[PDB]
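First chain written, first letter: the chains are A, B, C, D, E and F, and each begins at residue 1.
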């Protein structure tokens, strides 16, 4: 079930990441009438184009942050108590991922900026180390 | 030599796999003027281009999920079954046309794909747990 | 600094801004309904969007071919040829901009790309055989 | 000591407005909806129950409703677009009454007109004779014209095209999901407990009607009243019933059709003579069924207005025929039925006369009128009344008695009846959370 | 213990349908601007295409079910209609005509085949009218009861084709979209359906000329140097037989009358192009086929035809069965005008210089649809056209010893099936697996 | 020991030609309706430190697109409007001599005709006023509309506004718009002060000829730009650093009649004029105009020689659209006589105007638009921001050089506002050697 994990706790929900990932990118008579209805043709085509663009934006971010290739990545940015002052048991104390997300909300943009800078500094450092 | 040679040794095929991958991806203002007026042909061509993109991405996503992205040939941890094929390397690798054999495995292909995803799901968890 | 703020900057310093260009490249219902009815215009925009995706993917596939996908900075096993450039390392990373560099070696772009492709295929085959045992 | 971890594929979503796909059962032909809503629905709905999930629904702000309204009108126009124009027929008519087999009820309602119109060749003229209903023809200065001559163009619907409602399923695009509220006795807005996820909605038949709602859902276990604001007398009230009320609608007259060549390759379909006696169209409603059903509604209205408040119904309101009467598309012809016999009671079989009209401004917009070809033979429809659209005629200092009227001139509110339980959300797979690991 | 290995690319494919795109090469500017096939196959061809010789690949090529043919057919229909959109309607001409015979310097063979008609028609202004004169071919005019009308008036509105638009076959190439490939059967004697070993792959087909004809196939391939008979099912009388010849037979068609054109204003931006008046004597249109060549060619067909019948049975040829003009005569479109030639002179023999008279028609139903009509503008001067007969469409229908074959028409799809009999479209599917010596 | 490394996200661009998508900040305005996408409330101009770049206004692809798209919008605007085909009939016209100033006798005609009514069988008698520029004689009283022999006439829908509204052109992703900030940039060559923007400034789609209206001013000094300053076959675009105010009017108090041309359709006819008949005209301040020409001359002296004997003269002969100044004021179409502006040799001004209702919106022919009458009196004020001039060819080394105003493609108006912008594409992969090896 695609959103079967919707009621799951954040911890439990980690085991369904794959089903959602697959769903995100999921008759001659139908083709003939859809093409004639120029507007329906375009509306459906636009939807398909957008789905691709959204998919790619998420993949690019995982690339930029150094998390590509995995559904789960650890980073090198420490957690700030400002974003959330809950402890580990509290974060996973039967909270629905969705509820937790509602609590973080606006702090998301900050986190992404930190991840992006961290990865770029890391690549420079690795380039220099490889040269040595 | 887009298809190389279907009749060549399965391992021989390695030499042209880069070529096959590159050939999956594709200025006269006049063609543009005609297609914009030719609305139905404009839509059919956009649909064809969108399809090619979607097919490409679905395969890449799948390699990603399986943990086989970033490489042409991936070794995985799924045991081979005698119910799919019961032949040694002389018979099934060095003396086979890719196409005839591809057809026989098709029955069992979806089984294999599900197994590949699960193996990777387990590996990602194990790596996150090891990195305390 | 800004999106192309580093455009006139020395090549070395400008390397620390690569994140922004990489991201920018992939970035009112009443209006949408009007423009939807206007079929030709709508087709022009779809074509523009489809091409933008195609160009993006072309570049990503190519980094994949060269085997350094996921990085903004790629290191290789292919040496630099004096034929391509006989400039001083000081000149290459300093006292020049990327705009200047690009036009100076534009003649060899395709050479380098072919060499990088060959290098990667050789590396993967060797890895396949080393793991085998 | 926790560090940032990024997770892709987290079960998180946010409200969104997108384009849905039109899908239908994979099985007749020449039906506008079945032909164009071409995507098949063979798999059973993948309804996934969400355990311990609370979500807020708001039918009055639902964009699925707006989307159906827009698409239905658009599709309607595409269906009629390639059909013959009747603009060549907007000529002075010579008309007399039909006096043949006339009863008192239809006296003066059916009128016999003749006129000079074109032929295959542009040099010739022909005189033809057709019947019209009084509602379509206006007197000028025996001299008449069609009413849709000064404000609009008239086109004829193609005789091969059916407008019979068939089930439509709306399906989400990848990246989106439809959340379904299964709470029983759910009121138009607020949180739902029994929430499930589906890829497509329940099939909906795009039935067009005024005043009474037909062939929809039955409100589960009881009469349910839904409104945007019950207090505000400017809002419509949608009431769903838990018993179907059977209504039989008949157009007893046996018609024949005449095919006339208006021009090269073009045809006009005219109403020919009636064979047999002339009678008024009408609909039958069971007396007891209606009386008990209405009483159930009244009890539910007192639930919100008080046990010392008298509820009375009034017979419609003044206005255009399209809103003062109950409109059907029965058999493909358009009936305009008088509901005064249904809404004349005070709380502390029934036959409805109907008139027939052929030139229809089906949508509220003006400038495009469709001419309904006549249907030969005799028409009979049997249908289920599944709900009411009521207006509370409030705004006065009379706490003692409230007056209700049937009403509603906007089809938009008809789709709200079936779509009240669905919501569309967008999936947001990237989530960030801390844990005990770091690079 | 060989385990699953995942391969990104694999040299494999499956049969598939996909939309193909068109490319062509106009060799001159007018063609680029006014040739219908040139304006709508804008994309230039590959200056140097390659053919890849797959080895030890045996594949099935079913021409009768080939989607590639179906696309060519629907595409030509759409293209034909598109070219007529921005053209003058002749609705104003669907009027009563007053007609007499053309009796001036006319051979008896043409007597009654050409009429002199006049009518009242509109002018630049809505109020004023003019009387005009033109000639019509007998086929397009029907007597109503000296009053006549055009034949299309009781069925459909007619549109005049734009006067400088050219509908003339040029080589057309079909090209695969990325992810797809076109396979060819190079087997010299490859019979329509069933496997072959000589299989190669190309990006685009060779050029095909979209020549429209109804009985004899013109300007196609020459059967890989042997006479070849192909059909879906030889046994079933309901199937057509496509016969390809190993040499061409020339057919010389002429419309000898010297025509002129009259340009008539019918409205503010609307012109009608009328047929004018014939200069010089009036003669019948006709086509010449070498008699000896035709005999010999037909005999070769008979020899091969008997391969699937008794060795000493009688092969009888006969003329067309009843049907419409488009079916029973040879529809030949050349020089800008439509000829309907009588082919009975080609099929009047029993086995064990031929002059074919022709008719001219201006009102056309190209695809056998009757919801439209087209009017062909007249061509001034004299038309002379020499074509190559490359194949035939024949129908075979307990006479243990004698069988009868007749020429006949059919769906235009058949012309394209013949030229495209050797091509197949497949989809490439890069992923696959194998058991090999490695673990993660 | 240097190795090839690859950098993705390198700030390098190449010249490119791509489609721009249009955005802008009444509801019946054709441009506002099309460029309905909102703009950035605060566009961010990024100055590029130490970047030199070459611009060429005469080959600017942005100009070509503006031209193509504006034509399309006019066609889309008219596409759903009522055709006037039924009015192409013999007209019965009179002289209209009542209360007419003597100097314009003959400009108006009063014509009657037999028009169909909503019912197809019945006919009606119609009276309407016309300008002599639209109505042409057949072979004394019998006239027809001029386009009865060439094209269908479509009337404009009366509710649609064609008032220029600023339009901003924005780059699609992957592209950027570069602009010159240098003052006194003459259009072809490197500029030193270069910024990058997401969108251009707002450009009003003003359609006019000879004198450019409601544009930008040239900083602090007149700039003369041309593809080739010594080629008499090229036009010269002169941008002023001061505006000149011009007051235009159509003084006649008009009325609108609307008649039942057919079912669901209305035709807009000019009815009787309420007052006296007077000519349309434009006022140009005399002293300001004299100063304006002197400034232009100073810059011409720099290009052609300090002998500075220069003569201005009126336009060449030709069609009304090219020889007179043309503009749309209040929705009406005016053609004005500019000879009064070019009568001096160097070493208030009233311009009479005429009104025309059947308009060829662009230089192409075969389609025409009918401008419905506007009631009341029309008056507007606009700014002259630049001029289009042609240097006459002829004998060389003339002591006196000659310049005359004139027209040209509409592209030339748009080249003015867009002279400073260029579109480039970003190409993110750069390759350079360094010390790092795998």
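Here, a residue touches a chain if its C-beta (ideal position, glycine included) is under 8 Å from a C-beta of that chain, and two chains touch if they have at least 3 such contacts.
Chemist: From chain C, which chain is the farthest off, judged by mean CA positions?
Modeler: So the chain farthest away from chain C turns out to be D.
Chemist: Tell me which has more C-beta contacts between its two chains, A-D or A-C.
Modeler: A-D
Chemist: Where the centre means the average of the CA atoms, what chain is farthest from chain A?
Modeler: Farthest from chain A by mean C-alpha position: E.
Chemist: Round to the nearest whole Å and give the separation of the Cα centres of chain A and chain B.
Modeler: Going by mean C-alpha positions, chain A sits 24 Å from chain B.
Chemist: Between chain D and chain F, what is the separation of their C-alpha centroids in Å?
Modeler: Roughly 50 Å separates the two chain centres.
Chemist: For chain C versus chain F, what separation do you get between their C-alpha means, in angstrom?
Modeler: Once rounded, the distance between the two centres reads 42 Å.
Chemist: Going through chain E residue by residue, note those that touch at least 2 other chains and give them in order.
Modeler: 436-439
Chemist: What are the residue numbers in chain B that touch two or more other chains?
Modeler: 18, 21, 25-26, 39-40, 43-44, 46-47, 49-50, 53, 67, 70-73, 75, 128, 131
Chemist: Building nodes from the protein chains and edges from chain pairs that touch, which of line, ring, star, complete or other describes the result?
Modeler: Per interface graph, the chains form some other shape.
Chemist: Can you name every pair of chains that touch?
Modeler: After working through each pair, the chains in contact turn out to be A-B, A-C, A-D, A-F, B-C, B-D, B-E, C-E, C-F, D-E, D-F, E-F.
Chemist: Chain F touches which residues of chain D in the complex?
Modeler: Interface residues on chain D, with respect to chain F: 87-88, 90-92, 116, 145, 148-153, 367.
Chemist: In their shared complex, at which residues does chain E touch chain B?
Modeler: Answer in residue numbers: 1-13, 18-19, 21, 39-40, 42-44, 52, 54-57, 78, 82, 177-179, 181, 201, 203, 428-440.
Chemist: Within the complex, which stretch of chain A touches chain F?
Modeler: Checking each residue of chain A against chain F gives 127-128, 130-131.
Chemist: Once bound in the complex, which stretches of chain E touch chain F?
Modeler: It comes out as residues 124-128, 268-269.
Chemist: Can you name the residues of chain A that touch chain B in the complex?
Modeler: Spelled out, the residues of chain A in touch with chain B are 14-15, 18, 21-22, 25, 35-36, 38, 41-42, 45, 48-49, 52, 55, 69-72, 74.
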